[PDB]
Amino acid sequence: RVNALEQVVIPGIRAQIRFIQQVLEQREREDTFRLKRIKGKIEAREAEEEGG
Amino acid sequence: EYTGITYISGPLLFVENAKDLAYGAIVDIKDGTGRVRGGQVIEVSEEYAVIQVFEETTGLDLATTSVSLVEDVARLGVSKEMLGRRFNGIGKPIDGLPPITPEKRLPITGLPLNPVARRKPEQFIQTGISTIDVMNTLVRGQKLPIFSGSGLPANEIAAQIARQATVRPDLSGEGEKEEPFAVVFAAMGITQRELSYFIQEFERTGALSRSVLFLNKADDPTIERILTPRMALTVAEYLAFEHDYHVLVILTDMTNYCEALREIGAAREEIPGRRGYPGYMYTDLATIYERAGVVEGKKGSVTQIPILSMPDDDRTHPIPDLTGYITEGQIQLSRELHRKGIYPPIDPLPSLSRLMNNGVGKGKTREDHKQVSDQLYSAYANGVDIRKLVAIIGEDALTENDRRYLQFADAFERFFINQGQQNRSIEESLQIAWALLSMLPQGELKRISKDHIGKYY
Amino acid sequence: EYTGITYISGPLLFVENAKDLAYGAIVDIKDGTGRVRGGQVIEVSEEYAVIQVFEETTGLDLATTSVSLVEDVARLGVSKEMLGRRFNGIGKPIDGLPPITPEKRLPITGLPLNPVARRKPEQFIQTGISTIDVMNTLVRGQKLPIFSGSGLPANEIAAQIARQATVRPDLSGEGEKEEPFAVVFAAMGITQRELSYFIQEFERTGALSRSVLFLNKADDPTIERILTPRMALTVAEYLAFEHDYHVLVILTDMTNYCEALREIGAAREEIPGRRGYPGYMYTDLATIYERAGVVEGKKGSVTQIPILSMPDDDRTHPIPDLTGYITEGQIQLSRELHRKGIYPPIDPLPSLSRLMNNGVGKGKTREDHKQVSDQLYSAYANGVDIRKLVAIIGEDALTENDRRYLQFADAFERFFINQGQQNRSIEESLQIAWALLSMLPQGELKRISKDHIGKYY
Amino acid sequence: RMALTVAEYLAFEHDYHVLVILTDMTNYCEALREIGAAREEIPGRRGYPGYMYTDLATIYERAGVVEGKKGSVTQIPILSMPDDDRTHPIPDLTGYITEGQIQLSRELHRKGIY
Amino acid sequence: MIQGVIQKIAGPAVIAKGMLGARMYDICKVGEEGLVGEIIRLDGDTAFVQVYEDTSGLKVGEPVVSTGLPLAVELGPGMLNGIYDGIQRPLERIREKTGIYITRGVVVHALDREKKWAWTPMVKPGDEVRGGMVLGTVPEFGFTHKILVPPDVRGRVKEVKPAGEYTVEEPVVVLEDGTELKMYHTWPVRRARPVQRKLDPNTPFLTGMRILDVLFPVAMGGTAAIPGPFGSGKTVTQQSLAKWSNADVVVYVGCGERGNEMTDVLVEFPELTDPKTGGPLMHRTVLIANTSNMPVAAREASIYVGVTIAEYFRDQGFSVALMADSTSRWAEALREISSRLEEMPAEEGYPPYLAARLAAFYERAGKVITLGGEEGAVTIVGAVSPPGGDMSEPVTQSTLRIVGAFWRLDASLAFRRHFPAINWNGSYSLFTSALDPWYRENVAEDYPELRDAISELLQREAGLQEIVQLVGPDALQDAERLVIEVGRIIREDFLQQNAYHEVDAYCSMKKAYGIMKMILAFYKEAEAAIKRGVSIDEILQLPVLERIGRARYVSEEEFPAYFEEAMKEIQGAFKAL
Amino acid sequence: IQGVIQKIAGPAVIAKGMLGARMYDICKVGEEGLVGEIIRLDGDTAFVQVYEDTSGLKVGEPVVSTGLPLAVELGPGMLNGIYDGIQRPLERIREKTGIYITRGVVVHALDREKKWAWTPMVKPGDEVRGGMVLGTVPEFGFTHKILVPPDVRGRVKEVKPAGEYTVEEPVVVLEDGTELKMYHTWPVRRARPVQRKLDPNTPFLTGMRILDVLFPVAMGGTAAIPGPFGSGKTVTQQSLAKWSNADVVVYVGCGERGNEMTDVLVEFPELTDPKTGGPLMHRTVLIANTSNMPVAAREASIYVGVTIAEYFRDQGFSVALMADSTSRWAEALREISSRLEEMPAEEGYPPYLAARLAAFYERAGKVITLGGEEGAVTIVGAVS
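cryo-EM is the method the PDB entry states for this structure, with the resolution given as 8.7 Å.

This is the structure in structure tokens:
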């Protein structure tokens, strides 16, 4: 059990959280980028009242 | 012919001098490649509009652009006689002869079917795979997606359901062989092998004079991967309901669907909201699946069989997500029985079923597999699960009792789940099933009744 | 008027002549359904403001829109007769008595205390509990979160210990008649049961004649949610610093507060932080736990206790991460205790106060308390590991020492952790301890002094 | 890229062989990433530039042997791993780019081997 | 007036211009066939119209005339027996006047005025009336479907029509206040029917399964919820309130119930007969559910028009069981709003309005006495799913797990034979300290004691479970397999129940009481078996374990005499051996 | 300059009437003069990052600006001197506002109302060397050499005799013109010039055997102590600086705890030096921020101290800087960069985190100055 644990199990049960984490995290680049372009629209709209 | 571009990139165009266009309208256009393409007015605007071309732009100059409102609503000519003929996503016949004359020109958007107009079906069919016709019971007007991984076959298994699809003559207490049985097809993205592979098993089927094929290739535009689905199903509505025939519709490559869905997802205005895919996705998989259902007053039916091909074996992936919820009763394929050489490689241990004592297993559907389904479940489980538990507890450790559990695993799976070119009737199933069930003594066989046991001794 | 409307996305409203109006104001808006609505005036421009309606999102119209500027600065009147009042939410009559009397005006948003005039704790509170007075030691003017789960009920173990608490500082030499006690409860998102279950208990024994209540209903919008802690925080000030009272803030379910915030910020053009939760949180969470503590030269102090909910109690969630820096020490409720039915669920093992020597000292909690706390820690902990060895190898194949360390754990949950709503003193809890420890030989007593062993067994 | 181009001159033309001993590419990614975070090339792949390879292309291009002229230019990248795991782009993308790899692990570090 | 035309038609939504006088969250008439919109934003003379019916031919320059009602629900009789929409349009009228296909721009009466209903007055013309007072009793089947005075309206009577049928539109009581009380009366869907006070829940609701009460108790006047990832048994768990609930008023409403699932479940009610009523099951089911064949924006309306219907019933003085079939569907519909309006929702794919409109739905009605002196109790059960397959998300915490009961499902769990399935540990009930009074007095003074005592054993086995999957038992002892086998029997017979069979479950005190006493017996004796020298192997091989394993098929009526004969066999086949 | 407020979103303010505004410019927004700072300009308006929260501020007010860039203040009074992350004296805040703090507080950054000693260590007609000799202040710590800042090597006139002179009072002026006073202003974002950066070669005592003798980092190291405080770890941090061979200690935190962080402050005069034999308080600079402290207070925290140690370095003192809670420093930065166009892109933190992280260690260590004197800025990185 000792032998086994220090190899396949333990860091493996780690790398699972890590892999998960990183992909959850990276997904939220697209969130911000989209949200950016959303902002751009909103301001662009109130900038046609006062200009072009 | 309206001229004046503002944005062109992909099958989404924007062009001005418009307000005479309606939601869901056939226009035409001119391009610099000297060709006249299509366009559905998917969205409408103040002095422009969003157009969706039925072909990829590979050339379109700003000197020469055009718009001509052909028709206000958007439609396809559909007639009674079009069986025996092949078609494509554009909607031209690929046969080589003049296009048939409509009776109705029905919209391609689809008109939903009333939930009031249906009623519980109960007439079962032979799929030529034992496992289905016992556990889930595939009846008319019911969906049952066959979940398929990526790196897994999808084509192989599909073919088995197409050449061994057949009503019971009176094994259920009746037939529907008295009315013509026919099949409809429509592929949404296919390569070089999948093209011919399907056609040569339809000559096995003996059906190519009574089927309507809406083949969409990958050399065919990517925009017609989501047009064609709706389109196909309107030619289902026409022939099952209004010309009383039991039509089997079989939809495959609902991952190539999802490729095209994604495109409009982010390239249009709308933002992602289903973990990096659209949020109007729901409607896109609703309008598709919810049309199908046996209507009460009609003899005929649209029986839809979705065949997925979803990326890997994730279950958080958009596709299996919504599909799960939608369908009532499901079937899965895995890689447990695809390393053993067992075609089909159906695995019901993680799979689920929600109709098997819900208007099925009772009624004009036999009660002699009623208690069998309930029994097979917890029995098959005892199996598979402990195959895992053995490699922890010991390396060969299994007690008097658990020994029996695992004994019924290897056996059931081999015999039963290898069908393929072998057809088993309702009777042939139950016989064999009970004889593997005699491996467990009385007390695990509590669920089967006194009658059942002797019945199929 | 203030006519001009642009965006009513949800509970937004914009108004022209935003130059008189300011940031951090609160205002009456006039609408044609006759409704009177507050709403803080946020994101002000010289053309456009943002106001956020304290009543629903229905009845806004573009014909009647006006704004009565109340006062630009955040306001809220404070009274010293808040010591037997009862109020829900912001501060609205549930006692039927007037809401406020202006004896002073203080905002709900200021800048907390100098650390040069912050004293440390030196007294103690008795909640009438064991484990949160022995193993972890809460004292007068202390920061200390109670980490609950969402599967677990936050809300019960909150109001239970609420009314139950009666200060006791006899041993220090200060009475209950030279120490007043004021229990401040501020909740949010409570259901129909929880909203009535509280008031009842509070009214039961006297805990509402010597306390003032707050609890923000679930029918109320998410904008009032936020002002709820900031409200009762500012009241706690005017009592303890300026009339010598020792108040106890009990916040209940911090998550709901942070959710709400997120929607205000998203419409105030900011990006949320990690796990999709507010990233502008750090500051706001700080001012609520850092505008408590002791004061130099004033005997009074606000003691801070928040309660939060966590889906699985992990640290992966932002919700504990943030908190856990600004607050000292930790109490956390685990699943194992609660399932079996032990109240409170408090486990002493994940817990540990960071301050137990910088609170009370020797002779103020009896001198033996110190080492008797690190006895019971090691005695318990040993036994929760041989409960999963109670039948593999057994306890009959185990040493004498370890056999006693089993039974010890069991009697610890029964008598020490659990006592329900019964009260206890420092001295009666140390009594329990001794009895349980007599069972262990003097040879197994090594975590106390020779003085302590010869003090009692 | 200065170290690189500079050397190509003296390398081929004057005919002297040199070996460019480049150290931590970590600090490369790190600094690079800031810039694309205000011009909106949106760096990320696992939190490192997704335009990474693009820039490293020219920089590590001269690292073989030319024909004609003698003397050459050879890259020796030197960089740590934040984890043994070859998932994160610090060793992964670097892997693909370059020609094979040589790890020193920690499997012998642990023992006093040097 | 409110007038204008279409500026920009995009998606099911229409963005209008020229809107004058338009008010927030108010019903409209849209296009030229009548599709009915809602003002869900203003920006001066443009207001984003959200159109509940999908668009398909509508274009620029077409009418947009807002009615000026605050999306009012039309309250009156004819609710019982008859399908309706979530947007309230009878489906009976659609099928007969179109065809079998749902087409856009079908507009019919929300509350039929092609019906009349027998009037019995009660109120006298000499009296005054009060908000929340009964004007008479309309007899709708075996139920008593009173007619009440709309809250915030009172006068003095001067006439009251005498008995006869009258159309719901005609008055039946007239007043000196300029008004006429009709059986056709407006109440907003954004404003709740007023209550006299809130009451503390203290009677439990019997949801007639021996695992959705016995182990995790649910309250009457409560709120509860069950989730279900990716079609694990999300739909099936309402076959457990189909008729095994004690409600006198059952409201089945779905945010979106797909086509296939109304081919069996929706047709199930006119094919059944409830035994409590003694009469038909559809008499007592309102039906106001929405299909997914029905447009995406109709899914968003659903919830607020059926919750008020639930209040209308609660007021009369009847137990109301409201259960929103897959409440998860209103979230996608709400979330589509952002896309179309140029906004971006709450991060990680969460809906843009979290707590605000979820907490509101649940707490709208629930354990409240009325103006009119009657006992209102609303039992609401959200049958959500996590869209991404995570049970850790805002919207689960704020109002789907902080309620009376929180439950969970696993995927191979339910497949064995548990339909529906629950996680034994990971599932709790918050309310359980307030459900102890009735259970003490009515059932027995050891019903609260035994139900905590069964739960203890079920969650203590978990102790060993872990070690089994760590390296296993290589030592079987007498104290080992004790907890383990017992617990086995308990999960095998007490949590494997079916909702498709009336022998595997049913609403009955005595079945729950009974079964749980059999298991108590087997348990009791086992502890004193081992001491004497009785191997756990033989404990299996007593036939009495099989007797408790044939209590989950037993006929309901037969159970009393059955139970009494069986309690004796335990105690005889234990103490002997 | 002087301008007018246009918007208020959040704690941040945005105000036009700015033109010819410097970068990292002194801004005192409103008629309340909230301690703020001009940043990234846009158009004829600017974005203004206001540390102190705003909630009384109305738009359209006058905004006074100095028109000179914010700098760190360096003079006497710093040894045995309590200050925060804005660098105001937290106890003269206690006397002039009371126990509680009401925002818009501005007081001098050093004790300038005292009359501080002086002795001339130069004369007229001689030339000064930058970074060294001007005149010393005798104090009750050791000494404190008030030296002229770098690149000022010119001739001096008029050096006044040893006595007592306020910080704002002159004692010296230059012959070539350009006047100077005892208070000196040095840029917050720049570091002073060196001649070599040396190599570390004098061991850094910590006064406990095992710590330094087994694992030395010597004088000019960079170390770390991980794991959160409250494990008795704080034992290590106090005693470290207390015993350790130096002549000045600077203690600094940022986002540190509640009451546990106020135990430290009162127990600080109760720590005792071995060298002087009296309190450590005599020879300790505080710039700690608690967590009730303003938004960007904690974010500016670091930089202050760095600079301040370099002053003592140039003098020929050994300093011992103790960077408590490096991990919690990042909290504020995330918040600020969210509300701007520096949005997250790394992994739950902005990618400008690594940039602001480095410089704190890079600009410290044992090196020789322009003045030719040695001293060290040993850092011990409590990440926590």
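Moving on from the coordinates now.
### Focus: the overall build of chain B
Of the regular secondary structure elements, chain B holds 13 helices and 19 strands. For chain B, whose C-alpha radius of gyration is 25 Å, the value lies close to the compact-globule estimate of 23 Å for 457 residues. If one aligns the C-alpha atoms of chain B with their principal axes, the spans along those axes are about 85 × 55 × 40 Å. Taking as baseline every contact in chain B between residues at least 6 positions apart, the subset at least 24 positions apart corresponds to 76%.

### What to know about the overall build of chain F
Looking only at helices and strands, chain F has seven helices and 21 strands in total. A globule of 384 residues ought to have a C-alpha radius of gyration of about 21 Å, and chain F, at 21 Å, matches this closely.

### Structural notes on the packing of helix α9 (residues 370-384) of chain B against helix α10 (residues 386-393) of chain B
Residue and element names in this part refer to chain B. Relative to each other, α9 and α10 sit at 30°, their axes nearing to 5 Å. Taken together, the axes of α9 and α10 lie roughly parallel to each other. Contacts between α9 and α10 involve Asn382, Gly383 and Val384 from the first element and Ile386, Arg387 and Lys388 from the second. When its residues are assigned to classes, the contact of α9 with α10 shows two nonpolar, two polar and two charged.

### Let's talk about the arrangement of the chains
The interface with the most contacts, out of four pairs of chains in contact, is the one formed by chains B and E. Considering only C-alpha positions, the minimal separation of the non-contacting chain C and chain D is 14 Å. In this view chain E stays clear of chain F, with the nearest C-alpha atoms of the two still 13 Å from each other.

### Focus: the UniProt feature "binding site: ATP" in chain F
Residue and element names in this part refer to chain F. The positions UniProt marks with the feature "binding site: ATP" are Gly227, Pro228, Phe229, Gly230, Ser231, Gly232, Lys233 and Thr234. Summarising the element assignment, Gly232 is placed in the loop between β16 (222-225) and α3 (234-243). Structurally, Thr234 can be placed in helix α3.

### Comments concerning the sheet that holds strand β8 (residues 115-120) of chain F
All names here are of chain F. Reading across from one edge, β10-β9-β8-β12 is the order of the four strands in this open sheet, with antiparallel pairing throughout. Among the strands making up the open sheet, the edge pair consists of β10 (143-146) and β12 (163-166). Strand-to-strand twist in this sheet, taken as the mean axis angle between neighbours without regard to direction, amounts to 45°. Two elements, strand β9 (residues 135-138) and β10, share four bridges in a ladder whose sense is antiparallel. The residue of β10 that forms the bridge with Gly135 is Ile146.

### What about the interface of chain F and chain C?
With 17 residues of chain F at the interface, the matching set in chain C holds 19 residues. Breaking the side of chain F that touches chain C down by element, the ones donating at least two residues are β1 (2-9) and α6 (326-338) of chain F. In terms of residues, the side of chain F that touches chain C owes the most to one element, β1(F), which gives three residues. Each residue belonging to the side of chain F that touches chain C can be placed in one class, and the counts come to six nonpolar, six polar and five charged.

### Thoughts on the pairing of strand β2 (residues 12-16) of chain F
Residue and element names in this part refer to chain F. Two elements, β1 and β2, share five bridges in a ladder whose sense is antiparallel. Looking at β2, one finds that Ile5 is bridged to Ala15. The loop that links β1 with its antiparallel partner β2 comprises two residues; one of these, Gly10, has a positive phi angle of about 80°. As judged from the four bridges shared by β2 and strand β5 (residues 45-49), these two strands associate in the antiparallel manner. Within β5, the position partnered with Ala15 by the bridge is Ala46.

### Some details on the interface of chain E and chain B
The partner chain B presents 22 residues to the 19 residues of chain E that form the contact. Contributing elements (two or more residues each) for the side of chain E that touches chain B: β1 (5-10) and α7 (413-416) of chain E. Counting residues per element, the side of chain E that touches chain B draws most heavily on β1(E), which supplies three residues. The residue makeup of the side of chain E that touches chain B, split by class, is ten nonpolar, seven polar and two charged.

### Comments concerning unusual backbone geometry
The omega torsion across C:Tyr343 and C:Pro344 is 0°, close enough to zero to call that bond cis. Take C:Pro344: it is sitting in the loop between α8 (335-340) and α9 (369-372). For the bond running from E:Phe419 to E:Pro420, omega is -5°, close enough to zero to count as cis. Examined against the element boundaries, E:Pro420 turns out to sit in the loop between α7 and α8 (436-443). At C:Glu56, a residue that is not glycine, the phi angle is positive and equals roughly 30°. Within the secondary structure layout, C:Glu56 lies in the loop between β4 (50-53) and β5 (66-69).

### Some remarks on the sheet that holds strand β15 (residues 246-251) of chain C
All names here are of chain C. Spatial ordering of the open sheet is given by β13-β11-β15-β17-β16, a layout of five strands whose pairing is mixed. Each of the sheet's edge strands pairs with one partner strand only, and the pair in question is β13 (211-213) and β16 (293-295). For this sheet, the mean angle separating the axes of adjacent strands, direction not counted, is 10°. As defined by bridge partners, strand β11 (residues 181-186) adjoins β13 across three bridges and the pair is classed as parallel. The residue of β13 that forms the bridge with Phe185 is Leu213.

### Focus: the pairing of strand β2 (residues 12-16) of chain B
All names here are of chain B. Strand direction decides the pairing type here: strand β1 (residues 5-9) and β2, joined by four bridges, are antiparallel. Bridge pairing in β2 links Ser9 to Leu12. What sits between the antiparallel neighbours β1 and β2 is a turn of two residues, in which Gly10 has the positive phi angle 80°. In terms of strand pairing, β2 meets strand β6 (residues 48-52) through five bridges, oriented antiparallel.

Definitions and cut-offs
Residues numbered from 1 in each chain as written, not as in the entry; some residues may be left out. Chains lettered and ligands numbered in written order. Part of a larger assembly, values for the part shown. Heavy atoms only, no water. Residues with missing side-chain atoms left out of burial classes, pairs and counts. Helix = DSSP H or I, 4+ residues; strand = E, 2+ residues; numbered from the N terminus. Rg over C-alpha atoms; globule rule 2.2 N^0.38 Å. Contact = heavy atoms within 4.5 Å. Axes fitted to C-alpha atoms, helices over the stretch in contact; angles between N-to-C directions. Parallel < 35°, antiparallel > 145°, perpendicular 65-115°, else oblique. Nonpolar A, V, L, I, M, F, W, Y, C, P; charged D, E, K, R; others polar. UniProt positions renumbered as here; feature names shortened; annotations may be inferred. Pairing = 2+ DSSP bridges.

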